[PDB]
Structure formats: structure tokens, C-alpha cells
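Trainee: Just the structure for this:
(3 chains, ligands or ions: 6)
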Amino acid sequence: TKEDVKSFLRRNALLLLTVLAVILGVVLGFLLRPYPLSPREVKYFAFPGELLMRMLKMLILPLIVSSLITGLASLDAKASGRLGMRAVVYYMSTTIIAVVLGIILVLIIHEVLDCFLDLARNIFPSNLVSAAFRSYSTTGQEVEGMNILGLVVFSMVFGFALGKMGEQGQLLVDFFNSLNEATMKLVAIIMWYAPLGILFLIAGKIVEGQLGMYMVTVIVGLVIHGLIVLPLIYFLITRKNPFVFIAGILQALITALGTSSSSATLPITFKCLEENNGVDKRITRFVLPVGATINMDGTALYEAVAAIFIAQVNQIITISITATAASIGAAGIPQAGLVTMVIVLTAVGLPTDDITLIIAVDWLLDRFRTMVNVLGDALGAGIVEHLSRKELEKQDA
Amino acid sequence: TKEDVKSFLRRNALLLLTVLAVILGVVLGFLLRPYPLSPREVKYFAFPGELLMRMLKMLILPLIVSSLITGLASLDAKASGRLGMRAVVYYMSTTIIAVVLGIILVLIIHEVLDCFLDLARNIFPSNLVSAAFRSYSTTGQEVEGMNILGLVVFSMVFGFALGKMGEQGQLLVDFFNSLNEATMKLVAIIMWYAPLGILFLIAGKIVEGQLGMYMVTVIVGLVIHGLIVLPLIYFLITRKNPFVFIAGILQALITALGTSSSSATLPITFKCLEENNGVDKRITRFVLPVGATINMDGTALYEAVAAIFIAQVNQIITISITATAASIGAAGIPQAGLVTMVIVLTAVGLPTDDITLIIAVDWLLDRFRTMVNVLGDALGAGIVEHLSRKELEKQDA
Amino acid sequence: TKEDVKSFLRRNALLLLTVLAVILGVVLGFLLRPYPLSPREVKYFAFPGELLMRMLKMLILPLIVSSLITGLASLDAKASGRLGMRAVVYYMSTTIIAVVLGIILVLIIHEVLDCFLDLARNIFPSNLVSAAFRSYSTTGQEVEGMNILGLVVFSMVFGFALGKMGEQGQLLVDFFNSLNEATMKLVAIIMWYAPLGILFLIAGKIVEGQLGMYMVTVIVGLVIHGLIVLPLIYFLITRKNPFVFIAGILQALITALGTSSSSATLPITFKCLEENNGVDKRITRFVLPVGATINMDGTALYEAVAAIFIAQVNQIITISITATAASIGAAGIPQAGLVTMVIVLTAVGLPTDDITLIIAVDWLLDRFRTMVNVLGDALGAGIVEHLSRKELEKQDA
Ligand SMILES: COc1ccc([C@@H]2C(C#N)=C(N)OC3=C2C(=O)C[C@@H](c2cccc4ccccc24)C3)cc1
Ligand SMILES: COc1ccc([C@@H]2C(C#N)=C(N)OC3=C2C(=O)C[C@@H](c2cccc4ccccc24)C3)cc1
Ligand SMILES: COc1ccc([C@@H]2C(C#N)=C(N)OC3=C2C(=O)C[C@@H](c2cccc4ccccc24)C3)cc1
Ligand SMILES: N[C@H](C(=O)O)[C@H](OCc1cccc(NC(=O)c2ccc(C(F)(F)F)cc2)c1)C(=O)O
Ligand SMILES: N[C@H](C(=O)O)[C@H](OCc1cccc(NC(=O)c2ccc(C(F)(F)F)cc2)c1)C(=O)O
Ligand SMILES: N[C@H](C(=O)O)[C@H](OCc1cccc(NC(=O)c2ccc(C(F)(F)F)cc2)c1)C(=O)O
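Mentor: Residues are numbered from 1 along each chain as shown, chains lettered A, B, ... in the order given. Ligands and ions are numbered 1, 2, ... in the order given. Right below this line is the structure:
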């Protein structure tokens, strides 16, 4: 039992390094906490964690495009719809269970139109080159930050258009498969930088009562949905140990607990499922890019608790529907999850000005929130893969 | 005669739908006209027509690039110059007849240097990625809106550079031919959205004497050049019925009567000539992208009438040359045709401040103006195709 | 001797034309010098030289990307490191000899932290499409002008990732080799415009004591390092006549003496080495893109003289290290070499406000400064090619 320890210290050496970086990140951060938290000084200390995010976000653009293009071309007309329906039924339910449990824990223990239009404006981009670095935000009208929604949508219909012309449109698919493979080699390179980054990402961010109880409500709620409810969903589908599957994607969850972005961690998550858990590439390039942008189970729970927590200052159907709708939401400027807090409160009738209270604790919750967002699509991949046994068998020979 | 009606209701079902959308567009627009024409309210009603333009303009960038690249590579050194000379002699004459007839109807019934330099600055782009979403406008110096001129020029010399290296540069040509085909599948998809868009595009834009007579001068002038002069040019070249050819490209003219942009309609025009009229792809990818940006017969007529109409408030050679030069013009910010009205009046000596009069009626004229711009290159394609009998025969085997 | 003159007037006809353009450029410039040097008037006269720079800079982006991608894929794991180590040992020494000689001639005859971070932020781009037209400059935070550093770095690791997957990643390499060849055909086209441009580039820029002696210090210093020291380095490696090699790349040096940018001239330099001097493409696509951005021997000499020249108004180790570090420097906004003058003086302790003195003469020195920057990598190519005899032999069959 205590003899086979060295065989684990050599195998998962980097997995121990990113864990030790989480340990040392708490160490160095609290060590430099008594010193002044000057804006420049903080941003200079949080620079090796900043460099990591630049390498990580540069890799997502040629990843999501090449993923969905080959992902839909390598699937039949009915096979693409089937795999999709299996994923959507999973996405909607996992964002509906997290909101239900999220509403229970808080009730037991404790322009809006222009947003709909901008999302629709972003689903159909006016320019593709622009979409690769610009999103639409009304009131000039194009804000900085890649329009992932417009790219995901275009990549799907373009990829499916290739999968409908076959022989002619094989060249482009063979181009996008080599490009997806090249960025999957680049992710193995940037993988080694992760410990040095995850350290300064959480070391630099810790140098920044009534909220005390709220913090535990969400944290425990996320543990019940993520480490209790979600593994039971996997066992109800595959009948395989999920706590061994989750172990394989640890390097992606540990980084999610640092980066706080399912986007920044999607290339590592892609490697953790294609290499460690050995999931079929045909479904990773399909489920993972969509899942990271739409399936946000960690967000659904946090949006529900925050809406009822501010009600203490002062019709659950108007809150449960909006919090599930906020999870699919990715409009305007890219943020930490506070970008959609105005929309979730206006539709019900709660005070919008009560947001400044939760922002002080939000940053530590964001790290746990992202872990569930990644765990949602990660476990979801196995569930969709197991449910698409016929579709994946027919593709070979 | 009245028995073969159902065989037309099933065949050209979408062509009847876009016509009925033009009918219902007049219906719903005038129905909601008594109500307040509030800025937000109008822009929200004109949203399903707005979404259409986003899908349409996203498709032009990978269309014009792939069109001209394969279009010049699939043609010999002399064959490219020949086909080109046939198109230029046609372009210059169709913009010279429309100005002559345009000058007759109005005379019978009724910095400028920095603009030349910006056009030249835009012919040779400083950066290609920039050119895909930015144009040059002096006084920071790069305005939003794709530099079509710089793309058309580069696409030609890049495509011809591939057509000069052959075997080596075949791979890229085979890539750009699959990409042109993929966006031609995407246009068939967006084709079905057109009725729902063309409805709200003209329904939302109708909720917005001396000019009364001017409006008819241009409208009748356009009918004489477009539906009388232009079909006679086609009959003088092909000796085939043009009123059957124009019927094939109806779905592109009906949309031009809505979108008001030969750019937005170029992907539909590409489908209407490659699928309905059965024109050779080798000349569509050649003539159509250039024709939509340079051959503007509807503009030449409107620029001539507007210049002499403002003279009523108060040397035809100084007006006839500038109005033909305004048609080739595509500099600065993309507009509705009023962007070049300062240039056409300064060179002759007419009052520039008299522009605010015609802008109120310009929007309805723009819809008819574009129809002639599309009809110019559409009929032009057949004429060039028929004139390049030897060049297209030698290319096979 | 005087009989074989016509055989040179027909062969190097364009090389005589660009030389005659340098002659006529001095002629027309001084002819129009008595007239008013109005801002607009100057910019309109310097327009045919302006058009040249637009064609030249549009060609660098698809050149450097395709160059380094095929350049590292067509080399073995150790072969890439070897060729690289040979180039780096050459780069660092040529920037160390130019600073040493630069420090001798001037001493015989006569936030800074935010700059380090921005360079590191630019080495790892956050977005690739952005990197193709945007650089990082702190205090919104992304300035206009292609991030060459981030492109050079990415192009290397992406190209090497293809060279590690072989057969799979051969398609993309065969794509990038056809694209590098296409822009090498486009450079032969733009080559003919060079005389008409180089004329108005130096004709328009000449219409714009204590500094008199400083001007000669640098000019003579550059001649000693470039036309005396550098050819001796080539003879110490190849044992071949360098004054015949330099003659082949004349059309690239003559243009450098006009454009004043090693970027703008890199496509011509690429043609002058691949066509005239007959250097192996395998090392041109390797050494040249890097060399133009990092190896700046003309800058190292000018940075050293300017730092000690301003000391006349008032520890050489603090000046010699910074001037060598300024040569590798390419951060923020693209300039004429004055962008790094604040950094080189703050680290030592010299007055930063004394910059406004040398800017009046800097423009004529810049033209000679660039010639050494181009001559550095041009001669460097031959030296690396000769030093990589084994690596280039093993690549064939
Ligand atoms: C809110 O945004 C999304 C985007 C994608 C999806 C689904 C998904 C996932 N996960 C992936 N990878 O592919 C497809 C999906 C479909 O349901 C539709 C499916 C599909 C089937 C058949 C034809 C198609 C043509 C174009 C695009 C998708 C198509 C592909 C769901 C919601
Ligand atoms: C104002 O802007 C334009 C742009 C294009 C054109 C003509 C055209 C049309 N329509 C198309 N499709 O191709 C060519 C044209 C030529 O006349 C030139 C022709 C050509 C022949 C031979 C070599 C070439 C090399 C580079 C570019 C074009 C070349 C191609 C005319 C005016
Ligand atoms: C300041 O910026 C630079 C960038 C490049 C270089 C060198 C160079 C030149 N000149 C070129 N063409 O390629 C390589 C170089 C290496 O030293 C490293 C070399 C290399 C070898 C092995 C594996 C690599 C993997 C990724 C990138 C480069 C790699 C390639 C030096 C400094
Ligand atoms: N931390 C969460 C959280 O990034 O998944 C989430 O972050 C805020 C947020 C809100 C709405 C949309 C997003 N979108 C992304 O970060 C994103 C996710 C994935 C991609 C993709 F490219 F597909 F990989 C691109 C972008 C993020 C939250 O805190 O609620
Ligand atoms: N409605 C006309 C009218 O778009 O063709 C015309 O619109 C204004 C105008 C003026 C100058 C240039 C343009 N250019 C375009 O709209 C355009 C046309 C074609 C393309 C292309 F990409 F090649 F398809 C790109 C842009 C438009 C007019 O009203 O005179
Ligand atoms: N004239 C010099 C001088 O352009 O090489 C130099 O110009 C200023 C300067 C300073 C720092 C960086 C640069 N970089 C470039 O011009 C540049 C060089 C090469 C490329 C590349 F793309 F690789 F070809 C891109 C950009 C220029 C100087 O005067 O010191």
C-alpha cells in the first residue's frame, strides 16, 4: 500500500506540481499579504500567471474552429442531430438540476431587451475576421473579445457543408484535422508552464459575517451538484466509476481553480479527455467547445443563490428560468460572471443596485464555479460517448 | 394556359415567397405607420431584416477572395486579359449609356484630392488581415468596413501568381475552390431566411411636390436603361431572350429591392446565375465580384439626375465624366450612395450644401438603383460568357 | 574593359534604375526645396513612395509566417537547434562588435519595467488574428501595428509542431510552401515599382555645427562595421569574396536606403538572396525573418553614439549592455529607432529630455542604419549556410 508511492511520483509528476503550486500559491500570497497591495505592484507579481492566460487564450481560437469543423464533417446528417440531441438534453438538465438544488440550499439554510438582441446579433456575425477578436455590444457597437458564439455557429454550418460535399470538401477537413492536432501539440508544450502560472494566478489574487454564510451556501451547493449529483448521473449512464474518470481530468480542474475561465482551460480539458480518460476525439471536438460556452452548471447554482441572498434585504419560477438562461448567456464584454446579474434580477423585480455586496467574495467562488462548468462537459462527454455507441461504430470502415 | 399554375407554385415556391414578402412588407409597414416611429422601436421591428444582412455580409468576404483566386488561376495569361478586356469594355459602356440617358431625361422633362489618394491607398492595402474589416479614410486613418477594393486587387494578383506556378500552386487553388463551394452551400441555407428578412427590411424602412417629379425622373430613367436598353444589349450579343434570363435572377433582384446593397445580394446573385441561368462558374467568379463593386449603372443614372436637379435652385462634359467616375467609386465609409455626392458637384461648381433635399427620398430610389447595379453584371455575365467561346473551350481537356 | 558595358546595362537594368532613382531623388527633392514645405503638399509629393511601403508591408505578414513555418518543419529536432545556435552566436556577436566600435569612435573623436513586461506580453500573444495587426502597449492597451515578435514565436513552435507529426502535418507545410512561393512571385511584381517609389521616398523626405560632427561619427562608424568589419567576418567563415556577395543584394540595400525599414525591405532581401546570391531557401526562411527583427547592428552603433553624444551636455558597461539590448527591442508603436531612446538613458542615468536635439538629423542616419541591419542578416545567411554543411546535406534523399 505505502510501497507503490514512487511509481505515482514519477507518473503524475506534473499533476503533483500543479497541486503543489496551489499549495505554494496560498503560501506566497499570504506571505506577501501584509505588504502594500498597490495596483502596479500586484499586476507585476501576478505577471507569470498573466503570461499563462495569454498562451491559453491564443490556443482556443484555432481549437474551437478546427474542432467543430472536423467534428461535424466526420458525422452523418442524422448522426450529427442525434449526438447533438443527446448533448442538448444533457446540457439543459444539468443546468436545471444545479438551479433546483441551488434554489433549495438558499431557501433551506439562508436594457434587458437589448441583451436578447445582441446575443442574436452575435449568433450570426456580420464579419468572420472581426468575430475572431470582436463581439457585439450595443451603445462603437463592437467590443473587444472574440465572439465565440458566432464562431461556434459558423464552424458548425461550415463543417457540416464540407460533410455534405465529401470528396471535394475532404481537403479542407484534412487541413482542419492537422491544425486541430498541431494546437494539441502546442497545448502539451504550454502544459509545463501551468504550475509556475497557477501559483502566481492564485498568489496574486488573494492579495485583494453576512457574506460569510452566503459563501458556504454556494460552495457546499456546488459540492452536492458536482461531487455527489454529477457522478451519480455518470453511474446511471455508463455504470463505471466516475471518481477515477474525474481523477484523469484533474490537471484541467486544478487549472480551472486558477484560471477561473472554462475557455482558458478548454485546451487542457481537451488534452485531459483525449489523453488521460481516452475519450473518442469524434465527440470531444463536438461536445467540449459547445459545453464550455453553454453548459455552465457552476454558474446556474451561483446565479440562483445570489438572487435569493439579496432578497434578505427586502414566484421562484421567474428566478429558476432566468438563472438557467444566464448559463447559456455569453453576450457583450467577457467577465467573471457578474455581466449577467442585471438581467436575472430585472425580469423578477429584485433590486439591481445590491450587486456591490457579493463582488468582494465572487472571485474565490468563481474558481469553484468554473470547476463545475468544466466537470459538467467533461462527465457529459463520457455520457454522450456511451449514448452514441451505434453512431461511432458505423463511422469505422 | 390556366391549368399549369400549380406546376409553378411548387417549382418557384421561394420566388413567390420573397414576392409575397415584398407585398406583406408594404402591408405591415403601412399598418404600423400611424404608431410612433421611435428610434429604438423602429430598429427592434427592423431586426429580422437586420439579421439577414449580417448572414449576407459574412458570406461576401470568403466569397470574393475564393472567387477571384480560382477565377484567375483557371484562366491562361492571355485568356485572363481577354475576358477582362471584354468585361471592362462592357463595364465602361454600360456606365456611359446610363449617364447619357440619365442626362437626357433630366434635361428634357425637368477634400476632393484626398478622395483620389484614399482610393489609391485602398487599392494597395498596407495589411491584408486589416483589409478584411478596415478601409482607409484620411482624418484614426482606418475606418470600419471591409476594404473590398484592396481584396479584389490582391485576390487577382495572388490567384494569377498561383496560375503561373501550376502544379506547386494547385493545392491552394483546390483549397479555394472547395471554400467557394462551401459558402455556395451556406448561401442556399441563408436563402430560406430571405422572405422573413426582405419583409421586415422594407416594412421597417417605410416607417421613416418638387422632389415628387425628381423621384419619377430617376425611376423611369432606370426602367429605360434597365428593362429596355440593357435587354437590347443582351439580344445584340447572344440573340437569346433576356426577359427569360432576368426571370432566372429574380430572387437576386427582389432581394436587391430589399437589401439595397449589391454586396449583400452578390452571394444570392452568384447562386441565381450558377444555378438558375446556368452560367459557367469560370466567368461568374471572374465577372460578378468585380461587377458588383465597379459596374454601377443604377448609380451613374442617379448621380447624373441629382446633379442637374439641384441646378434648378441656381458644360455637361464635367458632370457626365464625374457621374461615370462615381460608379467605380468605393472609398471611405460604406453608405447608400450619398458618400460620393460632394465629389460629383465640386469638380463642376454646383452648391454642395443642397444635398439635404434628396436624402428624404433617396432610400426608396436606392432599392431600384441597386436592381440596375445587379442587372448590369448579371446580364454582363451572359454577354462576356458568349464573347469568350474560344477561351472556355480551350480550358477543357 | 570599357567594351563589356552594354552587357551590364541590359542584365542589371533595374539595379541601375533604383540607383538612378537615388540620383534623381536628390535632384527633384532639392529642386522643390525652395518652395513651401506645407504638411499636405509634402505628403502628396511623397505619395508614390508611400504607395510602395503599403505594397511592401502587406507582403511581410504572409512572408514571415510561411517562412518560419516551413523553415522549422524542413529541419530536424537537433538541426533546428544547431542552425539556431549558429545564428544566435552570430546575432549577439555582430550586435556586440557594432556597440564596441560604436563606443570607441564617439569616445576617441567626440516606465522602464513596463517595457520589459510589454515585450514578454508580446512574445506570447493573447490572440493570433489580433497579432496580425496589433501589438501590446500598456496605458486601450493594444496599439496598431502587427506584433512581429508574437508571430515569429508562434510561427516557430507551430512549424516545429508540424515537423514533429510528419505525414499528418505535411499538408499544412505543403500549403505554407506554396504560399511562401506565391508572395515571392508578388515581390517580383512590386520590384518594378521600387524605382518610382525610392525616388519620391527620398525626394519627399529631404524637404524636411554640434550635430554636424555627430552625424559623421555614426556614418563613418557604420562604414567601419559594415563595409570593413562585416566582410572580414564573411572571409573568416566562407573564405569567399564578400564584395561580390554584397553586390548581389544591392537592390535590397538601395531600397533600405529609401524605405528605412528592414521589414519593408525583407521581401526584396528575400529575393536578393534566394535569386541573386543563390542562398539555400531552407536557411533564408529561417535566418532572414528573425534577423530583420532582432539582428540590428546599425541600431547598436547609433544607440551607443547618441547616448555618449548627449553626455557632452553633462561606467560604459551600463551603456554597452543597454544598446545591445535595444537592438533586440521591438515593443509598443513601430517607429524610426527613437522609441527605445528613453530605456537606454534611464538605466545608466543620462538626461532623457535631451532627445529633441538628434531627431532633426536622425532621418538621414536611419537610411544608413537600416543598410547595416539588412547587411547583418544578409552576410549572416551565407555564414550560417556555410556553417550548416552537414545539416543541409542530410536533408536531401
Ligand atoms: C447553443 O448552441 C448549440 C450548439 C451546438 C449544439 C449541438 C452540439 C453540442 N454540444 C454540437 N457539437 O453539434 C451540434 C449540436 C446540435 O444540436 C445541432 C447539430 C446539427 C445537426 C445537423 C445539422 C446541423 C447543421 C448545422 C449546424 C448544426 C447541425 C450539431 C447545441 C447547442
Ligand atoms: C477596377 O478593377 C478591375 C478589376 C478587374 C478587372 C477585370 C476583371 C473583371 N470584371 C476580372 N475578373 O479579372 C481581370 C480583369 C482585368 O481587366 C485584368 C485581368 C488580368 C489579366 C492578366 C494578368 C493579371 C494579373 C493580375 C491581375 C489581373 C490580371 C483580370 C477590371 C477592373
Ligand atoms: C529572439 O527570437 C529568436 C527566434 C529564433 C531564433 C533562432 C532562429 C534564427 N535566426 C530561427 N530561425 O529558428 C530557431 C532559432 C532558435 O534558436 C530556436 C530554434 C528551435 C529549435 C528546436 C526547437 C524549437 C521549437 C520551437 C521554436 C524554436 C525551436 C529555431 C533565435 C532567437
Ligand atoms: N468562470 C465561468 C466560466 O468562464 O465558465 C463564468 O465566467 C463568466 C462567463 C460568462 C459568460 C460566458 C463566458 N464564456 C467563457 O468564458 C468562454 C467559455 C468557453 C469558450 C470556448 F472557446 F468555447 F472555449 C469561450 C468563452 C464566461 C462564470 O463565472 O459564470
Ligand atoms: N446601392 C448601391 C450598391 O450597393 O450597389 C450603391 O450603394 C452605395 C455604394 C457606393 C460605393 C460602393 C459601394 N459598394 C458596395 O456596396 C459593394 C458592392 C460589392 C461588394 C462585393 F464584395 F464585391 F460583393 C462589396 C461592396 C456601395 C448606391 O446606392 O449607389
Ligand atoms: N530602421 C531600423 C529597422 O527598421 O531595421 C530601425 O527601425 C526602428 C525599429 C525599432 C525596433 C523594431 C523595428 N522593427 C522593424 O522595423 C521590423 C523588422 C522586421 C520585421 C519582419 F517582419 F520580420 F520582417 C518586422 C518589423 C524597427 C532603427 O532605425 O533602429
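Trainee: Skipping adjacent residues, who's closest to the closest residue to ligand 3 within the stretch 151-300 of chain A in space?
Mentor: Proximity of the stretch 151-300 of chain A to ligand 3 (C-beta to the nearest ligand atom) peaks at residue A:189, 8.2 Å away. Just so you know, the C-beta spots here come from the backbone N, C-alpha and C atoms, and that holds for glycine as well. Nearest residue to residue A:189 in three dimensions, chain neighbours excluded: residue C:157, at 6.5 Å (C-beta to C-beta, 6 or more residues apart in numbering or on different chains).
Trainee: secondary structure element for that neighbour?
Mentor: Using DSSP states H and E, residue C:157 sits within helix C:148-162.
Trainee: Send me that helix as CSV with only the CA atoms.
Mentor: The C-alpha atoms that make up helix C:148-162 are tabulated as CSV, following Å, rounded to 0.1, in the frame of the first residue of the first chain:
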residue,chain,number,x,y,z
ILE,C,148,6.0,40.6,-35.4
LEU,C,149,7.5,39.1,-32.2
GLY,C,150,4.4,37.1,-31.3
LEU,C,151,4.1,36.0,-34.9
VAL,C,152,7.8,34.9,-35.2
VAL,C,153,7.5,33.0,-31.9
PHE,C,154,4.1,31.3,-32.8
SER,C,155,5.2,30.5,-36.4
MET,C,156,8.3,28.7,-34.9
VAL,C,157,6.5,26.5,-32.4
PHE,C,158,3.6,25.8,-34.9
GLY,C,159,6.0,24.9,-37.7
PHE,C,160,8.1,22.7,-35.4
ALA,C,161,4.8,21.0,-34.2
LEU,C,162,4.1,20.1,-37.9
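Trainee: Can you name the residues in contact with it?
Mentor: Helix C:148-162 has contacts (C-beta atoms under 8 Å, 6 or more residues apart in numbering or on different chains) with A:58, A:178, A:182, A:185-186, A:189, C:61, C:64-65, C:67-73, C:80, C:119, C:122-125, C:128, C:131-132, C:169-170, C:172-173, C:176, C:263, C:289-290, C:293, C:330.
Trainee: what about burial for those, which qualify?
Mentor: Among the contacts of helix C:148-162, those buried by neighbour count (16 or more other C-beta atoms under 10 Å in any protein chain shown) are A:58, A:178, A:182, A:185-186, C:61, C:64-65, C:67-73, C:80, C:119, C:122-125, C:128, C:131-132, C:169, C:172-173, C:176, C:263, C:289-290, C:293, C:330.
Trainee: what about residue A:219, neighbour count?
Mentor: For residue A:219, the count of nearby residues is 14 (other C-beta atoms under 10 Å in any protein chain shown).
Trainee: Could you pull up the residues touching the closest residue in space to it that isn't next to it in sequence?
Mentor: Distances taken as C-beta to C-beta, 6+ apart place residue A:368 nearest to residue A:219, at 6.1 Å, with adjacent residues excluded. Counting by C-beta under 8 Å, 6+ apart, residue A:368 touches A:218-219, A:222, A:257, A:298.
Trainee: Summarise which helices and strands the one helix or strand residue A:106 maps to is packed against.
Mentor: Here residue A:106 sits within helix A:77-108, counting by DSSP H and E. The contact analysis (3 or more C-beta pairs under 8 Å, 6 or more residues apart in numbering or on different chains; DSSP states H and E) places helix A:77-108 against helix A:210-224, helix A:281-293, helix A:297-309, helix A:317-328, helix A:359-387, helix A:389-394.
Trainee: any idea how far it is from the chain center?
Mentor: With C-alpha atoms, centre = their mean, to the nearest Å as the basis, helix A:77-108 stands 15 Å off its chain's centre.
Trainee: How about the residues of the stretch 101-250 of chain A by chain B?
Mentor: With C-beta under 8 Å from any C-beta of the partner chain as the criterion, the stretch 101-250 of chain A meets chain B at residues A:113, A:117, A:120-121, A:124-131, A:142, A:154, A:157-158, A:161-162, A:164-165, A:168-169, A:171-172, A:175.
Trainee: Can you tell me which of the residues you listed are buried?
Mentor: Burial by neighbour count, 16+ other C-beta under 10 Å: within those this picks out A:117, A:120-121, A:124-131, A:142, A:154, A:158, A:161-162, A:165, A:169, A:171-172, A:175.
Trainee: Residue A:230 is in contact with residue A:94, isn't it?
Mentor: Yes - contact criterion C-beta atoms under 8 Å: residue A:230 and residue A:94 qualify, at 7.4 Å.
Trainee: ok, the two, which is more surrounded?
Mentor: Between residue A:230 and residue A:94, counted using other C-beta under 10 Å, residue A:94 has the larger neighbour count: 27 against 24.
Trainee: Distance of the more buried one relative to residue A:320?
Mentor: Separation of residue A:94 from residue A:320 (C-beta to C-beta, to the nearest Å): 14 Å.
Trainee: and if you look at residue A:62?
Mentor: From residue A:62 to residue A:320 the distance is 38 Å (C-beta to C-beta).
Trainee: Also residue A:180?
Mentor: 38 Å.
Trainee: more neighbours, those two?
Mentor: A count of neighbours by other C-beta under 10 Å puts residue A:180 above the other of residue A:180 and residue A:320, at 23 against 20.
Trainee: in which helix or strand would I find that one?
Mentor: Per DSSP H and E: residue A:180 is located in helix A:171-190.
Trainee: And the contacts of the helix or strand following that helix?
Mentor: Using DSSP H and E, the helix or strand that follows helix A:171-190 towards the C-terminus is helix A:194-203. Residues outside helix A:194-203 that contact it (C-beta under 8 Å, 6+ apart): A:14, A:17-18, A:20-22, A:24-29, A:32, A:45-53, A:251, A:254-255, A:257-259, A:268, A:367.
Trainee: Just to be sure, which of those residues are found in helices?
Mentor: Judged by DSSP state H, helices contain the following of the contacts of helix A:194-203: A:14, A:17-18, A:20-22, A:24-29, A:45, A:47-53, A:251, A:254-255, A:257-259, A:268, A:367.
Trainee: and those near chain C, which?
Mentor: Counting by C-beta under 8 Å from any C-beta, the members of these near chain C are A:47, A:50-51, A:53.
Trainee: Taking those together, which two end up most distant?
Mentor: Farthest-apart pair in these is A:47 and A:53; separation 10.6 Å (C-beta to C-beta).
Trainee: Look up which helix or strand the residue lying closest to residue A:241 once chain neighbours are set aside falls in, please.
Mentor: Among residues not flanking residue A:241 along the chain, residue A:235 sits closest, at 8.0 Å (C-beta to C-beta, 6+ apart). Using DSSP H and E, residue A:235 sits within helix A:230-237.
Trainee: following that helix, which helix or strand shows up next?
Mentor: Toward the C-terminus, helix A:230-237 is succeeded by helix A:242-248 as the next helix or strand (DSSP H and E).
Trainee: Any idea how far that next one is from the middle of the chain?
Mentor: 18 Å.
Trainee: Stretch A:296-305 too?
Mentor: Remark: stretch A:296-305 is offset 12 Å from the chain centroid, using C-alpha atoms, centre = their mean.
Trainee: quick one: is that stretch near ligand 1?
Mentor: No - Stretch A:296-305 is not in contact with ligand 1 by C-beta under 6 Å from any ligand atom; minimum separation 11.8 Å.
Trainee: Run the contact check for that stretch versus ligand 4.
Mentor: Yes - counting by C-beta under 6 Å from any ligand atom, ligand 4 has neighbours in stretch A:296-305: A:296, A:299.
Trainee: wait, doesn't residue A:97 sit right on residue A:224?
Mentor: No - at 10.2 Å, residue A:97 and residue A:224 do not qualify as touching, with contact defined as C-beta under 8 Å.
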